[PDB]
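Taking the form solved without 4-chloranyl-1~{H}-indazol-3-amine (EQT), here's one chain by itself in structure tokens.
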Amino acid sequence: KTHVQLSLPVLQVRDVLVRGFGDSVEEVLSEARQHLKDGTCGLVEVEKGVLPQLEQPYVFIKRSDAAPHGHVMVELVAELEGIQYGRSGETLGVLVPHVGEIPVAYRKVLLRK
């Protein structure tokens, strides 16, 4: 399928144990996609002070379109030293590995895969 319905645990930035997916734009997009497929991906909502507490390169979920079945349609965009790889809409947040942190909410998305 070109899209997959996912329910992503929303994590507080200070609870996150593994604060990024790797060391290159291509690696972080790859790992983010593997973790999304394996159900081991969390979401951190971006506010003042969040990104400096996470590791670059960043993987964002961005709105790809305007929402089936309550799931916002999203795609992945990476960012390294102020350059983005991908073009999309509003940031829903930054993806991180999930290793059992307790979420504050779940965010339903339809991921372009």
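Numbering starts at 1 and follows the sequence shown.
One more form of this protein, deposited with 4-chloranyl-1~{H}-indazol-3-amine (EQT) bound, exists but is not displayed; see below.
J.: Just to confirm, residue 77 within 4.5 Å of 4-chloranyl-1~{H}-indazol-3-amine (EQT) in the bound PDB entry by heavy atoms?
T.: Close contact is absent here: in the bound PDB entry, residue 77 is far from 4-chloranyl-1~{H}-indazol-3-amine (EQT), nothing within 4.5 Å, heavy atoms only.
J.: Can any non-hydrogen atom of residue 36 be found within 4.5 angstroms of 4-chloranyl-1~{H}-indazol-3-amine (EQT) in the bound PDB entry?
T.: Answer yes; at least one heavy atom of residue 36 falls within 4.5 Å of 4-chloranyl-1~{H}-indazol-3-amine (EQT) in the bound PDB entry.
J.: So in the bound PDB entry, does any heavy atom of residue 108 sit within 4.5 Å of 4-chloranyl-1~{H}-indazol-3-amine (EQT)?
T.: Heavy-atom contact with 4-chloranyl-1~{H}-indazol-3-amine (EQT) at 4.5 Å: absent for residue 108.
J.: Considering only 1-29, what residues come within 4.5 Å of 4-chloranyl-1~{H}-indazol-3-amine (EQT) in the bound PDB entry, judged by heavy atoms?
T.: The stretch touches the partner through 4, 6.
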